[PDB]
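Q: Sequence plus experimental coordinates follow:
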4 protein chains.
Amino acid sequence: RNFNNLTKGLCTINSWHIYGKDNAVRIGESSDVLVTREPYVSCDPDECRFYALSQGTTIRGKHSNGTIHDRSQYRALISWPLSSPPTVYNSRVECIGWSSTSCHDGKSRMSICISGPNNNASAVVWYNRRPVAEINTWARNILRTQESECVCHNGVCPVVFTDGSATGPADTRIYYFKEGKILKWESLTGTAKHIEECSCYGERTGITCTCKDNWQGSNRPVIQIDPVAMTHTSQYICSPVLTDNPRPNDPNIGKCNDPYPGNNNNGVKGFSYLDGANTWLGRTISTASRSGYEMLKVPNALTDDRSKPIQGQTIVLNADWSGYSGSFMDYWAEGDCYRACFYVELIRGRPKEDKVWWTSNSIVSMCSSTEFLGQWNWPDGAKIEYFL
Amino acid sequence: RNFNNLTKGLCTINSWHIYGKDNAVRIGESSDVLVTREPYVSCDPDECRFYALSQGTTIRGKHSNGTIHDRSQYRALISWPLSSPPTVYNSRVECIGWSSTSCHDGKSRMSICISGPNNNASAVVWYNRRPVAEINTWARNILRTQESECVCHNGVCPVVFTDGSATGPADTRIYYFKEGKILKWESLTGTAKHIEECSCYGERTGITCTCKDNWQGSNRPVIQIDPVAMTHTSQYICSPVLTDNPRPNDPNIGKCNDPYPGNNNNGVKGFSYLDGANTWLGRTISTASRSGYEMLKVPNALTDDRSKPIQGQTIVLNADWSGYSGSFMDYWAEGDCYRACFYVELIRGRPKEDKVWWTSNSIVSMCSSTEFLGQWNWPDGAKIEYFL
Amino acid sequence: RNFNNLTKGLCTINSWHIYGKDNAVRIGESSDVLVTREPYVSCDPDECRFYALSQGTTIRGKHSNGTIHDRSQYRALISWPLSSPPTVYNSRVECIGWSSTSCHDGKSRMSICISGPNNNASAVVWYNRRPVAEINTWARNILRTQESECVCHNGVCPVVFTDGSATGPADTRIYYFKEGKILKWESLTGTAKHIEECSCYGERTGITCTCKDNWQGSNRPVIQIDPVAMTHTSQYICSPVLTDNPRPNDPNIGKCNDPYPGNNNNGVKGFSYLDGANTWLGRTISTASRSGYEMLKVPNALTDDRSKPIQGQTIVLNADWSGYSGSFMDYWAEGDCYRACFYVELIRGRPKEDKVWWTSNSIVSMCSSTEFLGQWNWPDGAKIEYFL
Amino acid sequence: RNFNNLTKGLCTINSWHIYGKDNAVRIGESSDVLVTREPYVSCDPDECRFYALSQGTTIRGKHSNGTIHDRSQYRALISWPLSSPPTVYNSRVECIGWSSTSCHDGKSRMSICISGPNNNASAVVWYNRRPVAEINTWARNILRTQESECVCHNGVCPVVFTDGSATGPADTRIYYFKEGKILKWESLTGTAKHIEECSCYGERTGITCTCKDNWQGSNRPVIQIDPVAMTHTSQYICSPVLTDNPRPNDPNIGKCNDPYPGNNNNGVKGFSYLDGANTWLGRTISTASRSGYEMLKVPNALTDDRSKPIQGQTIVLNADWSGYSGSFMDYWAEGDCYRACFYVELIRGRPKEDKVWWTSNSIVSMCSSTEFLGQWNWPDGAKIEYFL
Ligand SMILES: *[C@@H]1O[C@H](CO)[C@@H](O[C@@H]2O[C@H](CO)[C@@H](O[C@@H]3O[C@H](CO[C@H]4O[C@H](CO[C@H]5O[C@H](CO)[C@@H](O)[C@H](O)[C@@H]5O)[C@@H](O)[C@H](O[C@H]5O[C@H](CO)[C@@H](O)[C@H](O)[C@@H]5O)[C@@H]4O)[C@@H](O)[C@H](O[C@H]4O[C@H](CO)[C@@H](O)[C@H](O)[C@@H]4O[C@H]4O[C@H](CO)[C@@H](O)[C@H](O)[C@@H]4O[C@H]4O[C@H](CO)[C@@H](O)[C@H](O)[C@@H]4O)[C@@H]3O)[C@H](O)[C@H]2NC(C)=O)[C@H](O)[C@H]1NC(C)=O
Ligand SMILES: *[C@@H]1O[C@H](CO)[C@@H](O[C@@H]2O[C@H](CO)[C@@H](O[C@@H]3O[C@H](CO[C@H]4O[C@H](CO[C@H]5O[C@H](CO)[C@@H](O)[C@H](O)[C@@H]5O)[C@@H](O)[C@H](O[C@H]5O[C@H](CO)[C@@H](O)[C@H](O)[C@@H]5O)[C@@H]4O)[C@@H](O)[C@H](O[C@H]4O[C@H](CO)[C@@H](O)[C@H](O)[C@@H]4O[C@H]4O[C@H](CO)[C@@H](O)[C@H](O)[C@@H]4O[C@H]4O[C@H](CO)[C@@H](O)[C@H](O)[C@@H]4O)[C@@H]3O)[C@H](O)[C@H]2NC(C)=O)[C@H](O)[C@H]1NC(C)=O
Ligand SMILES: *[C@@H]1O[C@H](CO)[C@@H](O[C@@H]2O[C@H](CO)[C@@H](O[C@@H]3O[C@H](CO[C@H]4O[C@H](CO[C@H]5O[C@H](CO)[C@@H](O)[C@H](O)[C@@H]5O)[C@@H](O)[C@H](O[C@H]5O[C@H](CO)[C@@H](O)[C@H](O)[C@@H]5O)[C@@H]4O)[C@@H](O)[C@H](O[C@H]4O[C@H](CO)[C@@H](O)[C@H](O)[C@@H]4O[C@H]4O[C@H](CO)[C@@H](O)[C@H](O)[C@@H]4O[C@H]4O[C@H](CO)[C@@H](O)[C@H](O)[C@@H]4O)[C@@H]3O)[C@H](O)[C@H]2NC(C)=O)[C@H](O)[C@H]1NC(C)=O
Ligand SMILES: *[C@@H]1O[C@H](CO)[C@@H](O[C@@H]2O[C@H](CO)[C@@H](O[C@@H]3O[C@H](CO[C@H]4O[C@H](CO[C@H]5O[C@H](CO)[C@@H](O)[C@H](O)[C@@H]5O)[C@@H](O)[C@H](O[C@H]5O[C@H](CO)[C@@H](O)[C@H](O)[C@@H]5O)[C@@H]4O)[C@@H](O)[C@H](O[C@H]4O[C@H](CO)[C@@H](O)[C@H](O)[C@@H]4O[C@H]4O[C@H](CO)[C@@H](O)[C@H](O)[C@@H]4O[C@H]4O[C@H](CO)[C@@H](O)[C@H](O)[C@@H]4O)[C@@H]3O)[C@H](O)[C@H]2NC(C)=O)[C@H](O)[C@H]1NC(C)=O
Ligand SMILES: CC(=O)N[C@H]1[C@H]([C@H](O)[C@H](O)CO)OC(C(=O)O)=C[C@@H]1NC(=N)N
Ligand SMILES: CC(=O)N[C@H]1[C@H]([C@H](O)[C@H](O)CO)OC(C(=O)O)=C[C@@H]1NC(=N)N
Ligand SMILES: CC(=O)N[C@H]1[C@H]([C@H](O)[C@H](O)CO)OC(C(=O)O)=C[C@@H]1NC(=N)N
Ligand SMILES: [Ca+2]
Ligand SMILES: [Ca+2]
Ligand SMILES: [Ca+2]
Ligand SMILES: [Ca+2]
């Protein structure tokens, strides 16, 4: 086997087709399905799999009570076959913790899990299913990472971490791993003022990450990483099509180098594909809550502070709950281009649906098509009343 | 690995032997068995598997309520080991949607799933477990396909699709795929007046598909495909032994080039093996409903408008519910001929058994023998009262 | 891979050690464990597995009601990993039917299942997981076979079948298969007067089968098969240590060429290892019912009509229910001799325990040791009251 | 494949990072999780797995009643994927019995299980999943072994056994196996006065086992084995940091060649890594009961009868139940040193929590880091009240 190199550009995105859906909450009403949150998708050279942070209990289990909680000792990164639900009997534990990332370099997979109390957390870096390196908290305030896949080029896999405040300046670092070992790390540079939960993808231009500014911004910060030089830049998506949640209404001028104001101390993990005229942004439909999901074609969104949509696709109706979203691609597929993909976490239960005492989710996932395909909408599909 | 070529003729069919049976509804009374419908069987070079459209819930799950419904966002094509039931923990998701086909070309498997609303559905073509090509609705009226396996020759795998009315003229296309890519498509030609849910098999003569005319015909339309020239013809089975359901009683003269009249706007997926004196037709025993199943040896049924049975075998008693049926063969078996096989979907629940709120099925499957074997009958075997 | 040849003798049997136990009924009180009966064990070159006839329902399932029944359409030969229980999710279906045998020839496995009504049953012979040959009933009276593993030599795998009365002269045939194809069959010859449910093993001397005379005999008939010449002989175990059940008390003179009288029209499947001074016989402890199990070292039991035990080992206490027993060996193990093994079916439920409405079993299995090991006893271990 | 050789030293231990955790009791509240106890971890060259003695019932099953019991016929050594729980459907049975050890030699795995009544127990030695050798009880008083992994060097795998009194002098033997065959055994020599449940690890210096003195000692006996010469020595950990449970308070002078007095006829399985200045000892926090767990860096603990801690790490709070602990390492990992690892059994249920009628456990496991990582604590996490 050889390390994968990012040699292709993105395929032209003319619409999005259904890729995967697990219906986990529906099935888990009467099956041993693990409670999860913070899911994602990631491919090996021979298989693509769903990933998430388990809560170490099934949904029907009495221990599902209290699973709105983010960081217990009972959480772990698990993976399971594409579009199956995460069950006790089919889920493979990648590592133990409450914040994660994972990616295949073409030879083996690296998985990283962070665990610990708020003031003493640590990352353990796994490679080829063995622990290889460890990183202690540097700011003693909830060391945390992407919650979606990382990306590798010639064996080098950059990962974005943040340690420090969620409501003020924090200490973000970009680490560069190879075979699980730390080659290098660097402090965040550029104009992004706060970074969490980066969603990344790679193509010949390098690695592009769309993150969340939890502190002041409702536009999304972007980190662009050169995995050969092992350097990066940062800014915000310039477009006035704002993509965090909650967020203000879309203005006519966005902000390239500072947070667009209106909403503070909150946000949701999200993503974009930034590719000139082939640029597509994901966002919740609601400006107030994690409901609905849509894709919008916004030419040169990264650099054009006046850019507006010229095409779109609804993925989840505003009437239905969404959640985290992130990017991944099958780097090992046939063809001359990388097909952009994404997932949307469909959160069920607390805090929005409090008649149950649990919080979980299911997954829907799409990839791009060069056809202009008809659109459907893709709800979680479970009926909360059944769980009462 | 090499692409499979259709180099053999059918084995002589002198009776049918039991091949597989999953007892899914019996087992699912107390196990995490997924609700399904529209099942089939399909072989890889090293394994044969059961396939069906899941409803994204188990039978005992409260979400089984309402599963008479055909086209939700919670459906997916799944496969699972031969004669096991389709469980949450053993079912592999092939693609997402509510109409499907799948076949192995000798190197890898192609699976196709259609999803979307009635006026905006699309097919996604998967090859070697990756999405490769997409096809948008062309008539904006429930794009739909075979619901049983396709067949390949030297890498070319033809598939029959229909888009348009179920009760009048529609737009049927035959697509020719290789490695998931579209080589060619053509509009239906010939004398078949309406085409749905083709059941196909291949042999040195080419690929033969027996379909359903939902509009006016109670004889079955046939499409004969040359996978090298990538062309086809169509007509009806000439025999007065009528094989759709519901249907009129058998006359003494059938119809080769037009629907045999009596029953409109309904039908059931079915199959036949058309092979001169070695011809066998499948049909429900009842002329009114999906109950019973029998095989009848009807020499030259395809071409002889006076042909009658000279031998038969009961598969399911008229007292027991049947459903969809279709053809498949193990193209990778040893020997000098292809052994004809088929499955019968045994539907339980709604609309016929409405004391439960779900609709599901189990599978029974037979293959041909050159012996004249004794016959049994093969009911689903579940007791509805247990589910109350 | 090469066909296995029977080149070794039996290891010296000085005691029996625990080999496997699945505790199926205990576990099935609260797990999706299939109802079974007629179990056995059989090895591949890389794995040994448990086998049994499923009843197509779990024990806790309402369809377990009535499973005392022997021959429904819902039965199948299944296999599952050594010492695990037969669950819905881990059981592999080998073929469909209500009487079976199976064996690996060193290259692939042959499995045979019989299905059908009493007057029209048929065997389907599977090889490398595909149906290859079929055999119709020849006496129209419950065609039936070994219910434990067959044995192969240089690709030839003999199997004993019986068709006809259980209470009078019947038509027994020995079939010789290779790669699933019928090389030859012959009618039973020799002095055995009735043959059912042969338990076989192989060693350089040939293949030895210990069967059951259901009609008149409480001594066991023996069939000795030469798999090269494809011929056989038959007689009874000469020893007055009688090993059927029910049976009379042990006399001082046995019978070599006729049934030992006292009990008619009943019996249980059993086994022996007939090897001169290294001869060991299995039997129930009770003479009246299927309870208890013991091994007895009876020198030259096959040929000596005065032979008595000189050593023994209790396997299951008389206070505990037993059932069918049979022979198997790991033909692919290291060493200079074949280690004799056996299983005992531990039947729970009806008819002996009628407070439940089901009949099932678990498995215990032992192999021989050249040590003189201490003995334990091995009950099923389930408490019937828990199922009420 | 080649036999593994112990060619590396221990990595420098500066802290411990989370390695695995299965949350078995939490998950088993509503899933088919087997009741276990006496767990451990052991690696193959391509995978690391959890191991334990099943009780042949699930936790929610009614047969969980009475599982405080140590030695029934329903116990077996099982293994399952790292950090998954031991379920009916994912657990692989290694052998049958109520005391075990297991280890991979680089080519295949040896597993040993002891079964039988107290006065007639026997060990069966399995190699590459086949029984190879058997050992009868030599003292007729509960033949018993390590309850954690053994260690191999160039194909030779030493194992420590004890037969005889738990409250007085007993007969301990060290066996040396290769490919499951007995090369040699020897009686215990040295100054250890009672030996049970050795926890072993290997490094270039040889194989080091830390055991339990059940009779008089609250310091732990140590056996040091040369797997080439096949000889051993024994003594106690000299340190006054006492590590058995229950135990007296730590004095200022320990004992090298005799039991440190204060607590008789009890103890718990435990471990240490004895490596000069890189020495770390594990122990329960409580001196009275199996609660809490901590690691303490105690330079030259083995040889220095005045040695005290200079660093530590809490693993389980004193408020939480612990249990058995033992050593293992991934001998097949990359790098220039072997990374020390350990597991802690977290016992739930009886005798400490008697509102339930069962006894089971979950597992937490850590490995060493050369970083000085922040510490968390790792409770079982189940709420007993949920099981009522
Ligand atoms: C079968 O399936 C197919 C395929 O899915 C379906 O076809 C799809 O239909 C959907 C729904 O209509 C389309 O999505 C929308 O796309 C429009 C963009 O396209 C329009 O505008 C284009 C740009 O026009 C401008 O520039 C051009 C030059 O570049 C200039 O020519 C023009 O004059 C103008 O200046 C047009 O080019 C385009 O026309 C083309 O396409 C037409 C088909 O759509 C075709 O008929 C034409 O002939 C031509 O070919 C077209 O006019 C997006 O604007 C829109 O997204 C907005 O609206 C949705 C609600 O629907 C909202 O959720 C979005 O967030 C967004 O609106 C918010 O943001 C805006 C930007 O800031 C803001 O201005 C809005 O006020 C609004 O803001 C408010 O809400 C948000 C969200 O809550 C909040 O954050 C804000 O604060 C604020 O409160 C949709 O994405 C697909 O493109 C279309 N696909 C295709 C291939 O056709 C088909 O319908 C299905 N068939 C059936 C029968 O069902
Ligand atoms: C152990 O197992 C074995 C193996 O399974 C069992 O043996 C099997 O037994 C079954 C049941 O009897 C047989 O199935 C039937 O086969 C007949 C066809 O065979 C008969 O007819 C042949 C043709 O005769 C004609 O042509 C020849 C020349 O070609 C000429 O010589 C003759 O005079 C006549 O002109 C005969 O050749 C054949 O004889 C041969 O075989 C005999 C054994 O069967 C043997 O004894 C002879 O010596 C000779 O060797 C034989 O006479 C099918 O016709 C029949 O199917 C019809 O009937 C069933 C109900 O039973 C029905 O469900 C079918 O749909 C069908 O009838 C409907 O359709 C007809 C065609 O349109 C129509 O005419 C009918 O009126 C009827 O239509 C009505 O119902 C349908 C359905 O609801 C509806 O749609 C219509 O609208 C309308 O309402 C069976 O398939 C097996 O062939 C046979 N197998 C073997 C190898 O023997 C054995 O019984 C078991 N043993 C025990 C103890 O149980
Ligand atoms: C730890 O574990 C170890 C290992 O398991 C335990 O040791 C084992 O202990 C068991 C139980 O005692 C033994 O099983 C029994 O073996 C005897 C056979 O051995 C005895 O007889 C031998 C033959 O003697 C005759 O011939 C020799 C010459 O060949 C001659 O010298 C002698 O005078 C006589 O003529 C002796 O050689 C042998 O002695 C040797 O071994 C001794 C140890 O056992 C040792 O101490 C001596 O020094 C010497 O080395 C010994 O005396 C079997 O006969 C017996 O089986 C019968 O009894 C059981 C009930 O216990 C019954 O279930 C069996 O079916 C059978 O009896 C039925 O069938 C008979 C034959 O027809 C019939 O005659 C009986 O009347 C009876 O029939 C009735 O019941 C049946 C069944 O329901 C029914 O069908 C009939 O119709 C009728 O109603 C046992 O198998 C093991 O051999 C022994 N193993 C070893 C290695 O030692 C140890 O006990 C454990 N330790 C502890 C502390 O628990
Ligand atoms: C984020 O995470 C990090 C990493 O985990 C956290 O940092 C960790 O903090 C923990 C908790 O404090 C530390 O564990 C303790 O370690 C001490 C040992 O270190 C101390 O002592 C060292 C030795 O000093 C002696 O020798 C040196 C020369 O060698 C000499 O200089 C000195 O004067 C003295 O003579 C010191 O070197 C060391 O200082 C160094 O480290 C400091 C940081 O810790 C640093 O600040 C200094 O600058 C310097 O660098 C330090 O002083 C262990 O002694 C202790 O274990 C005892 O106490 C715990 C309870 O806390 C108890 O459970 C243990 O069993 C043990 O005490 C029992 O046994 C003793 C031995 O017999 C006995 O004497 C005690 O009385 C007691 O016995 C009683 O209880 C037991 C148990 O029930 C019973 O059996 C007996 O019978 C009896 O009843 C802890 O292990 C970590 O080392 C530390 N790690 C690191 C890398 O810093 C950090 O806190 C977290 N941050 C936050 C914000 O939460
Ligand atoms: C695409 C679709 O919904 N196909 C239907 C099909 C269809 O309604 C009729 O053929 C008429 O066109 O009939 C029914 C049926 O059992 O009659 C099953 C199919 N259900 C599914 N494939 N999901
Ligand atoms: C084919 C068949 O039904 N075989 C029977 C067998 C049979 O009734 C007797 O041997 C008499 O002929 O006995 C019973 C039995 O436990 O006595 C089990 C077998 N059940 C099954 N194999 N399913
Ligand atoms: C063979 C056996 O029963 N070993 C016991 C062990 C033993 O009783 C003591 O060490 C005294 O000798 O203690 C207990 C224990 O938790 O204290 C667990 C072990 N249970 C099992 N291994 N099943
Ligand atoms: Ca924000
Ligand atoms: Ca019709
Ligand atoms: Ca008899
Ligand atoms: Ca002690």
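A: That came through, no problem. Residues are numbered from 1 along each chain as shown, chains lettered A, B, ... in the order given. Ligands and ions are numbered 1, 2, ... in the order given.

Q: For the rest of this, base every contact and every neighbour count on C-alpha atoms.
A: OK.

Q: ok, now which ones touch the residue most central in space within chain A?
A: Central residue of chain A (Cα atoms, centre = their mean): residue A:326, 3.3 Å from the mean position. For residue A:326, the contact set (Cα atoms under 8 Å, 6 or more residues apart in numbering or on different chains) comprises A:40, A:148, A:199-200, A:269-271, A:342-344.

Q: Which members of these are the farthest-apart pair?
A: Using Cα to Cα, the contacts of residue A:326 span at most 14.6 Å, a distance reached by A:200 and A:344.

Q: Which of these two has more residues huddled nearby?
A: residue A:344 (32 against 29; other Cα atoms under 10 Å in any protein chain shown).

Q: pretty sure that one belongs to a strand, no?
A: Yes. Counting by DSSP: H, G, I helix; E, B strand; the rest coil, residue A:344 falls inside a strand.

Q: quick one: the closest residue to ligand 9 within chain A from ligand 1, how far?
A: Going by Cα to the ion, ligand 9 is nearest to residue A:374 of chain A, at 29.6 Å. Distance from residue A:374 to ligand 1, counting by Cα to the nearest ligand atom, to the nearest Å: 3 Å.

Q: Count the residues that sit near the nearest residue to residue A:386 once chain neighbours are set aside.
A: Distances taken as Cα to Cα, 6 or more residues apart in numbering or on different chains place residue B:62 nearest to residue A:386, at 6.5 Å, with adjacent residues excluded. The number of residues packed near residue B:62 is 20, by other Cα under 10 Å.

Q: Same check on residue A:228?
A: Residue A:228 has 12 neighbouring residues, counting by other Cα under 10 Å.

Q: Name the SS class of it, please.
A: Secondary structure for residue A:228, judged by three-state DSSP, is coil.

Q: who touches it in this structure?
A: By Cα under 8 Å, 6+ apart, the residues touching residue A:228 are A:153, A:156.

Q: so how far is residue A:184 from it?
A: 12 Å (Cα to Cα, to the nearest Å).

Q: Now, of the contacts of residue A:326, which are buried?
A: Using 16 or more other Cα atoms under 10 Å in any protein chain shown as the burial test, the contacts of residue A:326 include A:40, A:148, A:199-200, A:269-271, A:342-344 as buried.

Q: Kindly check the end-to-end length of stretch A:57-64 for me.
A: Across stretch A:57-64, the terminal residues are separated by 6 Å (Cα to Cα).

Q: Please apply the same query to stretch A:83-90.
A: 12 Å.

Q: same deal with stretch A:190-205?
A: This stretch, stretch A:190-205, spans 18 Å end to end (Cα to Cα).

Q: Likewise for stretch A:18-30?
A: 25 Å.

Q: Stretch A:354-361 now?
A: Taking Cα to Cα, stretch A:354-361 runs 14 Å from one end to the other.

Q: Could you pull up the residues touching residue A:302?
A: Residue A:302 touches A:236-239, A:256, A:274, counting by Cα under 8 Å, 6+ apart.

Q: now with 6 Å?
A: Residue A:302 makes contacts with A:237-238, as judged by Cα atoms under 6 Å, 6 or more residues apart in numbering or on different chains.

Q: Could you measure from it over to residue A:313?
A: Counting by Cα to Cα, the gap from residue A:302 to residue A:313 is 20 Å.
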